[PDB]
Protein chains: 2
Amino acid sequence: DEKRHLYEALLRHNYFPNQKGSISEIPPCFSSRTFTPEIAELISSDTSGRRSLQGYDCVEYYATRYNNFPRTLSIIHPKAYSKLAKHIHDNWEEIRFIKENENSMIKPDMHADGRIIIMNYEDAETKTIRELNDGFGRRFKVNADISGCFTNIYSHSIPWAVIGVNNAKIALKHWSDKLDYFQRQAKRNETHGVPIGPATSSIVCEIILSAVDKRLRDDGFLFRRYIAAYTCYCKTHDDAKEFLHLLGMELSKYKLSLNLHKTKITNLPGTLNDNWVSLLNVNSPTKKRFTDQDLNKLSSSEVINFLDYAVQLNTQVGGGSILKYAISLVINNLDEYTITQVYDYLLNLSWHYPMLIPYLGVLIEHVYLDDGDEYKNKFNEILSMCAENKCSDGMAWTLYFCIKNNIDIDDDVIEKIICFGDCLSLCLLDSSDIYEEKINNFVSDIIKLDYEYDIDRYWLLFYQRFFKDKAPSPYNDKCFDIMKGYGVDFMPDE
Amino acid sequence: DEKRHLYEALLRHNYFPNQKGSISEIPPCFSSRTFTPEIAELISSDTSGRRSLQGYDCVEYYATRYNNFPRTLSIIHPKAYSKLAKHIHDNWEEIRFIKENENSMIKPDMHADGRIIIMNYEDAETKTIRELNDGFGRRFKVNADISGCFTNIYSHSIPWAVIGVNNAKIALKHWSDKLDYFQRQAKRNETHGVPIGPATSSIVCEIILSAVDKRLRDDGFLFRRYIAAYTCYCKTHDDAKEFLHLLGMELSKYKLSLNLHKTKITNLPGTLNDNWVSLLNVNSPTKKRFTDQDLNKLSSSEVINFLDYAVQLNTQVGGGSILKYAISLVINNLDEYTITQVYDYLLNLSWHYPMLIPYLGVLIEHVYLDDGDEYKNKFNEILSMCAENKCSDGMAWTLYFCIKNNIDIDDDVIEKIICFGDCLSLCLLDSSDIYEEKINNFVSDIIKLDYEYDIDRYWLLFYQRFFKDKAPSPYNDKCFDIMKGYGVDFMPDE
């Protein structure tokens, strides 16, 4: 069924931040499968325990963007998440109108892997044909962005999108009001904001933005939405300015607004992709597939020169993720002579740009890591940099490389891994079991605070220790106990 | 006393958004004096009525910045504001540590006019001497900004700043907890955000940011804060990067963050002001005062050419409010021959840039407005533009000009003044009394909603109608009644 596929997707696949489909933002050690929908029903049914704080906090995760900026992905506390996912499942026949929207490019969809939200998933041919087809006969292309979107979505506006603003205000139960309550329970009983990364917040965002899409559609606008980005194709500048006005009205009705540093009108014909994308692909040494693998295999100077050219292009343009695109272009066709050189270049690029650390997972088997302890000092210097810059995805990926490849990790860099206080980093140090006593000091400092929001901020670490019998639950409810009795592990093996 | 001066300042002077000291963001028709502290005590003492919604909403006001961007100033609902101001007054001996901070340039201070928060108030000589004195011997100048500041200040972090994060978490009454509650009551019982414009939110921001200033001070950094902007003077780039790191830590401890599109390191010697400021002042035709007024009086071509040069400079740089600075340079020395020409140039500039509309209040007596109904169509075309662009300060200033100069206003532009739904615009239309019946339809649509937050969004309009006996109170509490019985008028005459 599609209800069952959504129920699997909300918990087994898209609970953790898993929207990016090329490389994940979270290392593959953390997996949210075995958190089955029946365990979510049992958690929702459980009513024990008393909480002194309204709502639940989230395990935080600062992922690095192309400009090294942090984006705070969140792992919802699972007692607050099981109710939210179960509510979205039970109400799916009244929610699936977001699937029938045609202006939302990334939306819930029955993906084969098990997910429902995968950004940048559709193939290049259809994307090109759509871009030309919608750019047919038009003069201007308007790009608009919602300012926060994740930051300031109003949860009380979830019924406003569903049955209208004034009908919902008069009505103040309906399914969308309980959805608003359950979404609020996900993040500290707070009206504004949604945790970034779970598909439940993507569904909540799609529900609110589908009314905006409906009103923009009914006024005859050619437009597409990519999460919070609206692209409009306009025969004249009348359409260009009036779409911006109507989008501003429709967002302001649901308390949202437009990012005016991201608004720009560009005369068609522009570029189907961004300009740096075609600059890289035109100069890519892999741009032609030769149908024989020896020809497809690249040389040392070819890959290195393309990587230098990508570095200059990112310094000179910087409009997008130039390094990640360029590295994905050359990463899978490396010859054995290249692997050490491109590996060290990736070490250089991963230090300077910590979002490039996941690509280091491709080469680690082919590179002989023992060497003369060069890579040993490299990964620790990266770990120190990720501790310094407060970057969670680079820290977690580097620690996944350190435990998976058994490379030792220094004490002084751990002094800042423990002091940074990223939860997912501390779960990796927790799964190592060598640093049991520095982990114990941190969790004891959390418990001695007697602040439930900090325990909810480190619920993944606390649950991993409780499931590994190294600690008891810090909660008086049965949620951790129902998780552990059924075998829920958020750091599972194969 | 200073307690009494603060008590006057919170309500009589800095209740309404009144922080800018050159030209106000709100027209002078709206004045918050006669809202005396004794009326605030009587409102706080009153306990009658029942509210179905937690907290109170605010009268909203989208003011236009230099890039035409809106900033949502708020007028707090006065039942939620009287308690907040009275709480800040009673606790002033425990709050006045923000006055003793030396890195906060704009902070509570006993100003002569009656205010405590006036940005851009200190004289140019001291500012120059400070800028050179702090730029003594240093290589780099770091500029950093808090990302939202007003948008995402965490109210629960008000005790965290006051007695420490962990002490406040263990303590979960103390004065800062009730301050957090009263600040939450100002905006819809919401944890995040502060209403922009009242001095109570400036005090709340100063309380939280003073701990950041204390920690940055104790680590030996030369830095200054302008609301949410940190400028640091650094002997090397070590200081430059480490100040950014420490400021990021101290803000993240109190849940804030750094605006990374506003972070930049510039090698000293840079510019004391911004570069466009010296470009305008070097080319300003008023840059030398001649001690005789006939020499100080400017000609037609001089002012017009400087205004064109300012328009090109703003198109070519755009880094700051070039038009407002240039117009303030020439506005007060106009000769009688200039006044019509500079008036029409200001009409052109006010249409294109609606934040320049307040300068039209200087020239309106010297310009013969009857004419051939040219200015009549001008102010209505501006009113239509302000309705279209959803700009509240331009709308309110243009309406203040229309009622004060008795110039007629068209029906079709009022069709969008009523449809925009800015509260302060509708209070001007309300004070006119010609459009009593279109106002009545709007307030009846608000009341028929039975949503208390919309009534709180238009509390100023509702109170003005109730005080003018044109409508009854829409509240079951006595707050409006205690206001009206003592004569509180938010649109007072002289």
Side-chain angles (χ1 to χ4, degrees), chain A residues 65-70 261 311-312 314-319 352-353 388-390, chain B residues 65-67 69 102-106 119-120 122 124-149 209 212-213 215-217 219-251 256-283 310 312-322 324-326:
Chain A
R65 271 108 65 79
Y66 73 98
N67 37 353
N68 272 6
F69 288 11
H261 305 102
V311 169
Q312 329 176 20
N314 178 65
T315 325
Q316 102 183 32
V317 186
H352 285 103
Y353 310 115
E388 200 295 89
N389 249 35
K390 316 302 173 97
Chain B
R65 271 108 65 79
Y66 73 97
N67 37 353
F69 288 11
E102 39 126 27
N103 316 112
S104 67
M105 299 297 72
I106 302 137
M119 318 166 288
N120 309 332
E122 94 182 318
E125 159 146 297
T126 52
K127 198 302 298 183
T128 286
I129 274 140
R130 290 200 316 72
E131 183 38 299
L132 309 171
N133 263 31
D134 299 330
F136 268 169
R138 319 251 175 186
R139 281 303 169 193
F140 298 98
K141 185 204 219 131
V142 200
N143 282 301
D145 251 64
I146 301 140
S147 37
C149 184
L209 287 180
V212 189
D213 290 11
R215 168 96 193 242
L216 286 172
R217 200 187 310 166
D219 294 36
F221 284 105
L222 219 66
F223 76 102
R224 312 269 141 174
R225 213 199 343 127
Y226 283 93
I227 301 81
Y230 280 92
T231 180
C232 204
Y233 305 106
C234 295
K235 275 161 178 158
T236 143
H237 224 247
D238 169 305
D239 311 20
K241 305 277 294 183
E242 156 71 357
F243 170 78
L244 280 182
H245 172 93
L246 181 55
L247 176 59
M249 305 264 300
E250 262 303 314
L251 287 175
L256 311 162
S257 147
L258 275 183
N259 204 336
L260 308 179
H261 305 102
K262 307 206 58 38
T263 192
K264 33 214 64 163
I265 290 176
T266 61
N267 320 56
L268 307 149
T271 76
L272 294 214
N273 296 279
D274 206 305
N275 81 309
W276 61 261
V277 189
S278 52
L279 268 185
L280 288 171
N281 252 136
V282 129
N283 294 125
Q312 329 176 20
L313 189 58
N314 178 65
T315 325
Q316 102 183 33
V317 186
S321 184
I322 288 129
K324 241 195 268 204
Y325 193 55

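Side-chain atoms are counted along with the backbone in the values below, which use heavy atoms only and exclude waters and symmetry mates. A, B, ... follow the sequence lines: proteins, then strands. Residue 1 opens every chain.
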Flag side-chain contact, heavy atom, 4.5 Å: [X] against [Y]:
X        : Y        : result
B:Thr263 : B:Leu244 : yes
B:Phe223 : B:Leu247 : no
A:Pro70  : B:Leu260 : yes

side-chain hydrogen bond (donor to acceptor under 3.5 Å, both in side chains) involving [X] - partner list, sequence neighbours excluded:
X        : value
B:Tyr325 : B:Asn281
B:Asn283 : B:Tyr309
B:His245 : A:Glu388
B:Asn103 : B:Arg217

Could you tell me which residues satisfy side-chain contact (heavy atoms from CB on, under 4.5 Å) with [X], sequence neighbours excluded, listed by chain and number?
X        : result
A:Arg65  : A:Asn67, A:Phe69, A:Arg71
B:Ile227 : B:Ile106, B:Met119, B:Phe150
B:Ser104 : B:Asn101, B:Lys107, B:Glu206, B:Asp213, B:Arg225

Going from [atom1] on [X] to [atom2] on [Y], what distance comes out if it is rounded to the nearest 0.5 angstrom?
X        : Y        : atom1 : atom2 : result
B:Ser147 : B:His261 : OG    : NE2   : 10.5 Å
B:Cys149 : B:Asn259 : SG    : CG    : 10.5 Å
B:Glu250 : B:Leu209 : CD    : CG    : 10.5 Å
B:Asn143 : B:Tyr230 : CG    : OH    : 13.5 Å

Within a 6.0 Å radius of atom NZ on B:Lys241, are there more than 12 heavy atoms belonging to other residues, nucleotides or ligands?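 At most 12 heavy atoms, drawn from other residues, nucleotides or ligands, come within 6.0 Å of this atom.
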Identify the heavy atoms of [X] and [Y] that sit nearest to each other, and give their distance.
X        : Y        : result
B:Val142 : B:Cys234 : CG2-SG, 3.7 Å
B:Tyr66  : B:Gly318 : CE1-O, 3.3 Å
B:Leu280 : B:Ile322 : CD1-O, 3.5 Å
B:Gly320 : B:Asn314 : O-OD1, 3.9 Å
B:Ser257 : B:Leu251 : O-CD1, 3.7 Å

Non-neighbouring partners of [X] that pass ring-ring contact (aromatic ring centres under 6.0 Å, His included), sequence neighbours left out:
X        : answer
B:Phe140 : B:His237
B:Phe221 : B:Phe243
A:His352 : none

I'd like to check the salt bridge (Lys or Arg N to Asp or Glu O under 4.0 Å) partners of B:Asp239; sequence neighbours left out, ordered by chain and number.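 Scan of B:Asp239 (salt bridge (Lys or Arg N to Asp or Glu O under 4.0 Å), adjacent residues dropped) gives none.
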I need the full list of side-chain hydrogen bond (donor to acceptor under 3.5 Å, both in side chains) pairs touching residues 125-137 of chain B, with sequence neighbours left out, sorted by first then second residue.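 Every side-chain hydrogen bond (donor to acceptor under 3.5 Å, both in side chains) pair that includes a residue of residues 125-137 of chain B, provided the two are not neighbours, is B:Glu122-B:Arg130, B:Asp123-B:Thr126, B:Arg130-B:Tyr226, B:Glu131-B:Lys141, B:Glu131-B:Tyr233, B:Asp134-B:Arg224.
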